[PDB]
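Visitor: Contents of model-v6.pdb (PDB, N, CA and C atoms) are given next:
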```pdb
ATOM      1  N   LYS A   1       3.329   4.180  19.278  1.00  0.00           N
ATOM      2  CA  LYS A   1       2.010   4.769  19.635  1.00  0.00           C
ATOM      3  C   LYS A   1       0.983   3.667  19.937  1.00  0.00           C
ATOM      4  N   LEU A   2       0.991   2.555  19.188  1.00  0.00           N
ATOM      5  CA  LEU A   2      -0.015   1.461  19.320  1.00  0.00           C
ATOM      6  C   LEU A   2       0.537   0.276  20.128  1.00  0.00           C
ATOM      7  N   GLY A   3       1.845   0.257  20.420  1.00  0.00           N
ATOM      8  CA  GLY A   3       2.509  -0.851  21.138  1.00  0.00           C
ATOM      9  C   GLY A   3       2.395  -2.156  20.366  1.00  0.00           C
ATOM     10  N   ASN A   4       1.834  -3.196  20.988  1.00  0.00           N
ATOM     11  CA  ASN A   4       1.593  -4.530  20.364  1.00  0.00           C
ATOM     12  C   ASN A   4       0.126  -4.923  20.578  1.00  0.00           C
ATOM     13  N   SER A   5      -0.768  -3.931  20.625  1.00  0.00           N
ATOM     14  CA  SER A   5      -2.242  -4.115  20.738  1.00  0.00           C
ATOM     15  C   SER A   5      -2.787  -4.702  19.431  1.00  0.00           C
ATOM     16  N   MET A   6      -2.315  -4.185  18.292  1.00  0.00           N
ATOM     17  CA  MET A   6      -2.800  -4.531  16.930  1.00  0.00           C
ATOM     18  C   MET A   6      -1.637  -5.041  16.075  1.00  0.00           C
ATOM     19  N   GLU A   7      -1.949  -5.853  15.060  1.00  0.00           N
ATOM     20  CA  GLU A   7      -1.019  -6.225  13.959  1.00  0.00           C
ATOM     21  C   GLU A   7      -1.017  -5.063  12.955  1.00  0.00           C
ATOM     22  N   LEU A   8       0.132  -4.762  12.340  1.00  0.00           N
ATOM     23  CA  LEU A   8       0.293  -3.603  11.419  1.00  0.00           C
ATOM     24  C   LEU A   8       0.284  -4.081   9.964  1.00  0.00           C
ATOM     25  N   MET A   9      -0.425  -3.353   9.082  1.00  0.00           N
ATOM     26  CA  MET A   9      -0.407  -3.613   7.610  1.00  0.00           C
ATOM     27  C   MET A   9      -0.137  -2.305   6.857  1.00  0.00           C
ATOM     28  N   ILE A  10       1.141  -1.958   6.678  1.00  0.00           N
ATOM     29  CA  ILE A  10       1.601  -0.650   6.120  1.00  0.00           C
ATOM     30  C   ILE A  10       1.931  -0.821   4.631  1.00  0.00           C
ATOM     31  N   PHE A  11       1.422   0.089   3.791  1.00  0.00           N
ATOM     32  CA  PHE A  11       1.666   0.155   2.325  1.00  0.00           C
ATOM     33  C   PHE A  11       2.047   1.590   1.948  1.00  0.00           C
ATOM     34  N   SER A  12       3.000   1.754   1.022  1.00  0.00           N
ATOM     35  CA  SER A  12       3.513   3.071   0.554  1.00  0.00           C
ATOM     36  C   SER A  12       3.366   3.192  -0.968  1.00  0.00           C
ATOM     37  N   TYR A  13       3.296   4.429  -1.468  1.00  0.00           N
ATOM     38  CA  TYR A  13       3.102   4.780  -2.900  1.00  0.00           C
ATOM     39  C   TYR A  13       4.378   4.483  -3.704  1.00  0.00           C
ATOM     40  N   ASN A  14       5.496   4.194  -3.025  1.00  0.00           N
ATOM     41  CA  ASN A  14       6.808   3.864  -3.650  1.00  0.00           C
ATOM     42  C   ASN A  14       7.112   2.369  -3.454  1.00  0.00           C
ATOM     43  N   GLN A  15       6.071   1.524  -3.444  1.00  0.00           N
ATOM     44  CA  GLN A  15       6.156   0.036  -3.543  1.00  0.00           C
ATOM     45  C   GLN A  15       6.742  -0.589  -2.268  1.00  0.00           C
ATOM     46  N   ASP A  16       7.077   0.214  -1.253  1.00  0.00           N
ATOM     47  CA  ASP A  16       7.599  -0.280   0.050  1.00  0.00           C
ATOM     48  C   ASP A  16       6.405  -0.718   0.906  1.00  0.00           C
ATOM     49  N   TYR A  17       6.383  -1.991   1.319  1.00  0.00           N
ATOM     50  CA  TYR A  17       5.307  -2.618   2.132  1.00  0.00           C
ATOM     51  C   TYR A  17       5.907  -3.100   3.459  1.00  0.00           C
ATOM     52  N   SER A  18       5.095  -3.144   4.522  1.00  0.00           N
ATOM     53  CA  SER A  18       5.505  -3.604   5.877  1.00  0.00           C
ATOM     54  C   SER A  18       4.329  -4.283   6.591  1.00  0.00           C
ATOM     55  N   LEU A  19       4.366  -5.617   6.695  1.00  0.00           N
ATOM     56  CA  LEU A  19       3.379  -6.443   7.446  1.00  0.00           C
ATOM     57  C   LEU A  19       4.082  -7.081   8.649  1.00  0.00           C
ATOM     58  N   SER A  20       3.426  -7.085   9.812  1.00  0.00           N
ATOM     59  CA  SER A  20       3.892  -7.755  11.053  1.00  0.00           C
ATOM     60  C   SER A  20       3.751  -9.279  10.916  1.00  0.00           C
ATOM     61  N   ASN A  21       2.841  -9.750  10.048  1.00  0.00           N
ATOM     62  CA  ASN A  21       2.695 -11.185   9.674  1.00  0.00           C
ATOM     63  C   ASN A  21       2.335 -11.297   8.184  1.00  0.00           C
ATOM     64  N   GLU A  22       3.220 -11.908   7.386  1.00  0.00           N
ATOM     65  CA  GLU A  22       3.087 -12.006   5.905  1.00  0.00           C
ATOM     66  C   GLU A  22       2.003 -13.025   5.530  1.00  0.00           C
ATOM     67  N   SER A  23       1.757 -14.028   6.383  1.00  0.00           N
ATOM     68  CA  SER A  23       0.787 -15.133   6.144  1.00  0.00           C
ATOM     69  C   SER A  23      -0.657 -14.660   6.363  1.00  0.00           C
ATOM     70  N   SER A  24      -0.850 -13.411   6.809  1.00  0.00           N
ATOM     71  CA  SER A  24      -2.161 -12.707   6.852  1.00  0.00           C
ATOM     72  C   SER A  24      -2.702 -12.495   5.430  1.00  0.00           C
ATOM     73  N   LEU A  25      -1.918 -11.835   4.568  1.00  0.00           N
ATOM     74  CA  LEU A  25      -2.297 -11.465   3.178  1.00  0.00           C
ATOM     75  C   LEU A  25      -1.292 -12.073   2.190  1.00  0.00           C
ATOM     76  N   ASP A  26      -1.788 -12.735   1.137  1.00  0.00           N
ATOM     77  CA  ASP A  26      -0.976 -13.370   0.060  1.00  0.00           C
ATOM     78  C   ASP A  26      -0.611 -12.312  -0.991  1.00  0.00           C
ATOM     79  N   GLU A  27       0.403 -12.582  -1.823  1.00  0.00           N
ATOM     80  CA  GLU A  27       1.014 -11.631  -2.797  1.00  0.00           C
ATOM     81  C   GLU A  27      -0.012 -11.164  -3.845  1.00  0.00           C
ATOM     82  N   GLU A  28      -1.172 -11.826  -3.931  1.00  0.00           N
ATOM     83  CA  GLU A  28      -2.334 -11.416  -4.767  1.00  0.00           C
ATOM     84  C   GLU A  28      -2.806 -10.011  -4.356  1.00  0.00           C
ATOM     85  N   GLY A  29      -3.400  -9.886  -3.163  1.00  0.00           N
ATOM     86  CA  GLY A  29      -3.904  -8.615  -2.603  1.00  0.00           C
ATOM     87  C   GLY A  29      -2.792  -7.591  -2.438  1.00  0.00           C
ATOM     88  N   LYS A  30      -1.629  -8.043  -1.970  1.00  0.00           N
ATOM     89  CA  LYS A  30      -0.387  -7.243  -1.793  1.00  0.00           C
ATOM     90  C   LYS A  30      -0.155  -6.420  -3.065  1.00  0.00           C
ATOM     91  N   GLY A  31      -0.108  -7.088  -4.222  1.00  0.00           N
ATOM     92  CA  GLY A  31       0.095  -6.465  -5.545  1.00  0.00           C
ATOM     93  C   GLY A  31      -1.077  -5.583  -5.933  1.00  0.00           C
ATOM     94  N   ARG A  32      -2.309  -6.048  -5.681  1.00  0.00           N
ATOM     95  CA  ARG A  32      -3.563  -5.284  -5.953  1.00  0.00           C
ATOM     96  C   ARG A  32      -3.497  -3.920  -5.250  1.00  0.00           C
ATOM     97  N   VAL A  33      -3.017  -3.891  -3.999  1.00  0.00           N
ATOM     98  CA  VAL A  33      -2.946  -2.664  -3.146  1.00  0.00           C
ATOM     99  C   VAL A  33      -1.942  -1.679  -3.761  1.00  0.00           C
ATOM    100  N   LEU A  34      -0.709  -2.136  -3.996  1.00  0.00           N
ATOM    101  CA  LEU A  34       0.426  -1.337  -4.537  1.00  0.00           C
ATOM    102  C   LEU A  34       0.132  -0.909  -5.981  1.00  0.00           C
ATOM    103  N   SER A  35      -0.674  -1.676  -6.731  1.00  0.00           N
ATOM    104  CA  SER A  35      -1.162  -1.289  -8.088  1.00  0.00           C
ATOM    105  C   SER A  35      -1.988   0.000  -8.000  1.00  0.00           C
ATOM    106  N   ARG A  36      -3.061  -0.028  -7.202  1.00  0.00           N
ATOM    107  CA  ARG A  36      -4.018   1.096  -7.011  1.00  0.00           C
ATOM    108  C   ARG A  36      -3.263   2.346  -6.537  1.00  0.00           C
ATOM    109  N   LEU A  37      -2.395   2.186  -5.531  1.00  0.00           N
ATOM    110  CA  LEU A  37      -1.584   3.279  -4.922  1.00  0.00           C
ATOM    111  C   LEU A  37      -0.808   4.022  -6.016  1.00  0.00           C
ATOM    112  N   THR A  38      -0.070   3.303  -6.869  1.00  0.00           N
ATOM    113  CA  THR A  38       0.769   3.878  -7.960  1.00  0.00           C
ATOM    114  C   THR A  38      -0.124   4.384  -9.100  1.00  0.00           C
ATOM    115  N   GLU A  39      -1.203   3.658  -9.417  1.00  0.00           N
ATOM    116  CA  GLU A  39      -2.209   4.055 -10.440  1.00  0.00           C
ATOM    117  C   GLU A  39      -2.748   5.448 -10.092  1.00  0.00           C
ATOM    118  N   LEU A  40      -3.138   5.660  -8.820  1.00  0.00           N
ATOM    119  CA  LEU A  40      -3.667   6.967  -8.323  1.00  0.00           C
ATOM    120  C   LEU A  40      -2.573   8.044  -8.346  1.00  0.00           C
ATOM    121  N   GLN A  41      -1.339   7.681  -7.977  1.00  0.00           N
ATOM    122  CA  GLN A  41      -0.153   8.583  -7.962  1.00  0.00           C
ATOM    123  C   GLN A  41       0.102   9.112  -9.378  1.00  0.00           C
ATOM    124  N   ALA A  42       0.114   8.213 -10.367  1.00  0.00           N
ATOM    125  CA  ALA A  42       0.301   8.529 -11.804  1.00  0.00           C
ATOM    126  C   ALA A  42      -0.920   9.291 -12.330  1.00  0.00           C
ATOM    127  N   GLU A  43      -2.139   8.914 -11.903  1.00  0.00           N
ATOM    128  CA  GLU A  43      -3.404   9.603 -12.308  1.00  0.00           C
ATOM    129  C   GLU A  43      -3.422  11.057 -11.804  1.00  0.00           C
ATOM    130  N   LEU A  44      -2.977  11.282 -10.563  1.00  0.00           N
ATOM    131  CA  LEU A  44      -2.982  12.611  -9.892  1.00  0.00           C
ATOM    132  C   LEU A  44      -1.962  13.540 -10.561  1.00  0.00           C
ATOM    133  N   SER A  45      -0.778  13.019 -10.911  1.00  0.00           N
ATOM    134  CA  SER A  45       0.316  13.767 -11.589  1.00  0.00           C
ATOM    135  C   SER A  45      -0.076  14.100 -13.035  1.00  0.00           C
ATOM    136  N   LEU A  46      -0.907  13.258 -13.652  1.00  0.00           N
ATOM    137  CA  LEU A  46      -1.375  13.379 -15.057  1.00  0.00           C
ATOM    138  C   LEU A  46      -2.285  14.606 -15.183  1.00  0.00           C
ATOM    139  N   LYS A  47      -3.107  14.884 -14.162  1.00  0.00           N
ATOM    140  CA  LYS A  47      -4.098  15.998 -14.150  1.00  0.00           C
ATOM    141  C   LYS A  47      -3.607  17.149 -13.258  1.00  0.00           C
ATOM    142  N   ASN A  48      -2.348  17.100 -12.799  1.00  0.00           N
ATOM    143  CA  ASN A  48      -1.696  18.124 -11.937  1.00  0.00           C
ATOM    144  C   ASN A  48      -2.525  18.347 -10.663  1.00  0.00           C
ATOM    145  N   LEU A  49      -2.589  17.346  -9.775  1.00  0.00           N
ATOM    146  CA  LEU A  49      -3.317  17.430  -8.475  1.00  0.00           C
ATOM    147  C   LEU A  49      -2.558  16.725  -7.337  1.00  0.00           C
ATOM    148  N   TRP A  50      -1.423  16.073  -7.617  1.00  0.00           N
ATOM    149  CA  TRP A  50      -0.543  15.444  -6.594  1.00  0.00           C
ATOM    150  C   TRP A  50       0.083  16.540  -5.722  1.00  0.00           C
TER     151      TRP A  50
END
```
Let me see the structure of the file written as structure tokens.

Guide:
Amino acid sequence: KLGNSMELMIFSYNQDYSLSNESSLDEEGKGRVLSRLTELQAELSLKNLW
């Protein structure tokens, strides 16, 4: 859909990540992103809203 106009930064709630260039973002932010994603997933299931 986007061709090669933009670089892609894809993150999933099941810890699967996909970057077109890894040297864009270091494993610091990478982990911070996947932390929040799973934190919200567990938070939503805890209060029955997932």

Visitor: State, in Å with one decimal place, the distance from atom C of residue 37 in chain A to CA of residue 13 in chain A.

Guide: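 Computing it gives 5.1 Å between the two atoms.
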
Visitor: Extract, using only C-alpha atoms, all DNA, RNA and protein residues at most 8 Å from residue 10 in chain A, discarding same-chain residues fewer than 6 positions from it, and format them as a PyMOL selection string.

Guide: chain A and resi 17-19

Visitor: Calculate, to one decimal in Å, the centre and edge lengths of the box along x, y and z of the file that holds all listed atoms of range 15-26 of chain A with 4 Å of margin on each side, and present them as AutoDock Vina command-line options.

Guide:
```
--center_x 2.4 --center_y -6.8 --center_z 3.8 --size_x 18.3 --size_y 24.7 --size_z 22.6
```

Visitor: Could you tell me which of A:35, A:41, A:20, A:48 comes closest to residue 6 in chain A if we count only C-alpha atoms?

Guide: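 Among A:35, A:41, A:20, A:48, it is A:20 that comes nearest to residue 6 in chain A.
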
Visitor: Among chain A, which residues does DSSP mark as helix (DSSP H, G or I) when it is run on the backbone? Keep the chain and numbering as in the structure and answer as a list in words.

Guide: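 Going through chain A, the helix (DSSP H, G or I) residues come out as residues 27, 28, 29, 30, 31, 32, 33, 34, 35, 36, 37, 38, 39, 40, 41, 42, 43, 44, 45 and 46 of chain A.
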
Visitor: Calculate how many Å separate atom C of residue 44 in chain A from CA of residue 8 in chain A, rounding to one decimal.

Guide: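 So the answer is 28.0 Å.
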
Visitor: Quote the spacing between atom N of residue 23 in chain A and CA of residue 9 in chain A in Å to one decimal place.

Guide: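 Atom-to-atom, atom N of residue 23 in chain A to CA of residue 9 in chain A, that is 10.7 Å.
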
Visitor: Give me, as a PyMOL selection string, the residues of chain A that a backbone DSSP run labels strand (DSSP E or B).

Guide: chain A and resi 9-11+17-19

Visitor: Show which residues sit within 9 Å of residue 34 in chain A, as a JSON list (two decimals) with N, CA and C atoms, in the coordinates of the input. Count only C-alpha atoms, and ignore same-chain residues fewer than 3 positions away.

Guide:
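The result, written out as result_16.json:
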```json
[["chain", "number", "residue", "atom", "x", "y", "z"],
["A", 11, "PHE", "N", 1.42, 0.09, 3.79],
["A", 11, "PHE", "CA", 1.67, 0.16, 2.33],
["A", 11, "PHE", "C", 2.05, 1.59, 1.95],
["A", 12, "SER", "N", 3.00, 1.75, 1.02],
["A", 12, "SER", "CA", 3.51, 3.07, 0.55],
["A", 12, "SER", "C", 3.37, 3.19, -0.97],
["A", 13, "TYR", "N", 3.30, 4.43, -1.47],
["A", 13, "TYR", "CA", 3.10, 4.78, -2.90],
["A", 13, "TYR", "C", 4.38, 4.48, -3.70],
["A", 14, "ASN", "N", 5.50, 4.19, -3.02],
["A", 14, "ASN", "CA", 6.81, 3.86, -3.65],
["A", 14, "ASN", "C", 7.11, 2.37, -3.45],
["A", 15, "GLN", "N", 6.07, 1.52, -3.44],
["A", 15, "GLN", "CA", 6.16, 0.04, -3.54],
["A", 15, "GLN", "C", 6.74, -0.59, -2.27],
["A", 16, "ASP", "N", 7.08, 0.21, -1.25],
["A", 16, "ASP", "CA", 7.60, -0.28, 0.05],
["A", 16, "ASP", "C", 6.40, -0.72, 0.91],
["A", 17, "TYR", "N", 6.38, -1.99, 1.32],
["A", 17, "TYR", "CA", 5.31, -2.62, 2.13],
["A", 17, "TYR", "C", 5.91, -3.10, 3.46],
["A", 29, "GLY", "N", -3.40, -9.89, -3.16],
["A", 29, "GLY", "CA", -3.90, -8.62, -2.60],
["A", 29, "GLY", "C", -2.79, -7.59, -2.44],
["A", 30, "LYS", "N", -1.63, -8.04, -1.97],
["A", 30, "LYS", "CA", -0.39, -7.24, -1.79],
["A", 30, "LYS", "C", -0.16, -6.42, -3.06],
["A", 31, "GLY", "N", -0.11, -7.09, -4.22],
["A", 31, "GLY", "CA", 0.10, -6.46, -5.54],
["A", 31, "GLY", "C", -1.08, -5.58, -5.93],
["A", 37, "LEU", "N", -2.40, 2.19, -5.53],
["A", 37, "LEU", "CA", -1.58, 3.28, -4.92],
["A", 37, "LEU", "C", -0.81, 4.02, -6.02],
["A", 38, "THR", "N", -0.07, 3.30, -6.87],
["A", 38, "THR", "CA", 0.77, 3.88, -7.96],
["A", 38, "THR", "C", -0.12, 4.38, -9.10],
["A", 39, "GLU", "N", -1.20, 3.66, -9.42],
["A", 39, "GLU", "CA", -2.21, 4.06, -10.44],
["A", 39, "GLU", "C", -2.75, 5.45, -10.09]]
```

Visitor: With distances taken over all atoms listed in the file, which residue among A:49, A:21, A:27, A:33 lies nearest residue 7 in chain A?

Guide: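 Counting all atoms listed in the file, the residue closest to residue 7 in chain A is A:21.
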